[PDB]
Each structure stands twice: as structure tokens, then as C-alpha cells.
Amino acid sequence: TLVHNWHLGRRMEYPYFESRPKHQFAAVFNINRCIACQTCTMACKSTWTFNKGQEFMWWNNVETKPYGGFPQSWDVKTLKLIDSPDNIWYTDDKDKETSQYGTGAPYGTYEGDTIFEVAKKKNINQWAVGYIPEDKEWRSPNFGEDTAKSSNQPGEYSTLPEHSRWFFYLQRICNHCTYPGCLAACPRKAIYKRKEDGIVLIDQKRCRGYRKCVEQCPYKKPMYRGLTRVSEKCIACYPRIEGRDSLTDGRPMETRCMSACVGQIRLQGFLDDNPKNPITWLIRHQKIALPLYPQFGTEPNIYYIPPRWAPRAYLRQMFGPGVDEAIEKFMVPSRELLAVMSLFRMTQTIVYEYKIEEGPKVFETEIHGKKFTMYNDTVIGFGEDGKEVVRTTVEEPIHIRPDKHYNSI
């Protein structure tokens, strides 16, 4: 069954016919702001994987690229199973138009084989290529922390556009893929994708610990629980999204790992066809946030703003060809992006639409070869019904107090 994947800009081989959700659970991670505090990591741990049998399980992990990973060297291990000289992107016939929800070819066309198509061509008699990480490969969740790549020449120093000595942080959960490898792997069809929000779940009543999801998931999110003799995965905290936490008063709430983000890098919502949704705007209209390893062919739905300082060659191989234009937009933010970026982690309630009330200009200069102007706009976020749920300003106010008070103390 050929299916359309807009990340690859191509039709793809999948066991099941294409059936997209009404809207897709998605999020944007601004890697440039990340600090690797692993606050999101402890958010998921203290909530879902804190008990017996899940001691090695870290559904949310932030890893130091390029050497780091959980499980150890997970990207390189899977990328080797699809290594071919034909894994190439072609950018010329990339859509100029912004295509409708679930369609199009924004980044171009990737003519390399996905994990499903590699399995098909070799006739390996499995739905996808993969491996089961051994229990020793699940050790060291912070493997390669703050380990940089170096040119190893004596006069080495780091400057823009690309740092000679460099490393960045990759924040990973279950991508809740449109065509997940784990769902196709399970022969019992015990993994299913919800049509309401696109959340992928393992049926704990029907799972039999077949480890095929663990085997064929290229992102290694499904993990086998020794105690229960069945596998578990990130549930996208679906009770919080279903509005079952009284803190958001029945409104859909961002997942627990997203709400925890300290360096205000992640915004969680849904991929609509609405261009006024800050999630849909960033991913399809600005193309500033890009999926993690679209080479695999699962259509991940966690999109990243690439680091401004990392080697562009490494970044394209990880996020596709859209990296160059995403960084150009970020380093000198447009007026509307800076206001939308100032919306990240201002509330825990999911915001479905944004709109801006304009304010006075505060600062302007020329930077990175072009002119940047900044205004103190007020960005506003709205809920599922159009009700306002959040509001903040781009620039901080200043208060002056009676002279009986002092600062120099």
C-alpha cells in the first residue's frame, strides 16, 4: 500500500492504508534555547515510569549530539541499516505553495529508501529494518553529555556561522508518527493510532511482549517492562490533553513533559489546516521547525528549530534540507516570529490560535548582515472555543519606585 508522506515529498510503502487523524498532536522545540536541564525528563519519570520494572525507562530524554544518545548510539545504529548512496534529497520541485493539512512536498523529494522500503527490497520478511537494544545499551541515559566534536587542530576556536568545536541538545519523546514503525511491527495490531488527536498507544490489555515495536521503531521509544512482561511507550499524557486535569478547568492541557520545559523551548498543540494556529504556522507556513530524521519514513510530529551554530551538513542529514532557511529566519527574527516565540511556555493550557496586538518599537540594529527591528507587541493565545487563555508582552516593563528604596544594597 503506497501512502503519501509530505516530509519526503513522495509516496511511501506502509502495511496499512493512509488514514490521518482529524488533527495531529505536534510540538515545536527551539533547540537554540535548550539548556539540557532534563526537567522534561523528570516530568515524565515522576509521573509514568517511576515504578518497578521501568527503572531504565526514560520516555523523555535530552541527549547531547552528536556523540550522545539513549539508547547508546541509537541514531548511528539505525542509520547504518539504511545506508545507501541513493539517500539523496532533491529540492528544485519543492512546493512553493503551502499545501493543505497532510499533503504536499515542502522540503523536496527524498529518493532514498525508508526503513519499510529497505525491508521490502531485501525481502527480509519483516515490516521494517531494526534491532532490539540490549539491556546494556539502555544504560547511561546521559551518554555523551556535553561531549563536543573537535577539529583537533591547535588553533581551534568557535565562531558563527558554524562552530569548529560544537555540540547541541536533542530533546526526544515518542514522535507519535503518522506512519509509526511500532504500529506496523506489532502482529497483534495491539498498537493503534487515535484518529481524534493522533496519539499512538500500546494496548496494555492485549500486548503480549512481542518486542517487535521495540525492534522496528527507529527512535527506540517502545520499551519492554520486565515486571509486566509487556512493552510500554510514551502516551502523550492523553488524560491531560483530554482535559482531565482540573487545573486547566476541562480545557486540553499540554502534556506533562512540555509544561515542564524551563528554557521556554517547546510549544505543544495540534497540526491543523489553520494558519492562525501557532503550531501549524511554524511548521508549514514558516518551515522553521523540522522533523527528526525524516529519512526513517515514519513522519515524526515533533519539529525542531535547528541550532544556529552547528555544522549545516550534520543538520541537513538530521532535519532534512529545510535547515538553511529555518536558521536564516531565526537568527534575525521577523516581527511575527519573535511574538510567536514569546508565546512559548507562557501557560499550561493548549493554545489553538494566536493573534497579536501591536506595540511601540523598542530597539533596532543591523545584525548578521541584515536589519533587525523589535517592537513591544502583545501576543495573545486562544483556546478551543476562541476564548483567550494567555497573553504576554515581547519586552519587559520597567518600574521606578520612591527614592527611599535602593538598588545598590
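Numbers for residues come from their place in the sequence shown, where the first is 1.
Chemist: Of the two stretches 152-160 and 210-218, which shows the higher Cα B-factor on average in the entry?
Modeler: Taking the mean C-alpha B-factor of 152-160 and of 210-218, the larger value falls to 152-160.
Chemist: Determine, for stretches 322-330 and 184-192, which one has the higher mean CA B-factor as deposited.
Modeler: In the deposited entry, the stretch with the higher C-alpha B-factor mean is 322-330.
Chemist: Checking the entry, which one of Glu336, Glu254, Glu242, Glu137 has the top C-alpha B factor?
Modeler: Highest CA B-factor of the listed options: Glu336.
Chemist: From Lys96, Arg229, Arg172, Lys205, which pick has the Cα B-factor that tops the rest in the entry?
Modeler: Reading the PDB entry, the winner on C-alpha B-factor is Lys96.
Chemist: Quick check for you: using the entry's CA B-factors within this chain, is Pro306 in the lowest, middle or highest third?
Modeler: It belongs to the middle third of the chain when residues are ordered by C-alpha B-factor.
Chemist: Taking the C-alpha B-factors as the PDB entry records them, is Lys80 in the lowest, middle or highest third of its chain?
Modeler: As the PDB entry reports it, the C-alpha B-factor of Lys80 lands in the lowest third of its chain.
Chemist: So where's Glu145 on the chain's Cα temperature factor ranking, which third?
Modeler: Its C-alpha B-factor belongs to the lowest third of this chain's values.
Chemist: Among all modelled residues of this chain, ranked by Cα B factor, put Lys52 in the bottom, middle or top third, i.e. lowest, middle or highest.
Modeler: It falls in the bottom third of the chain.
Chemist: Place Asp272 in the lowest, middle or highest third of its chain's C-alpha B-factors, as listed in the PDB entry.
Modeler: Its C-alpha B-factor, which the entry lists for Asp272, ranks in the middle third among residues of this chain.
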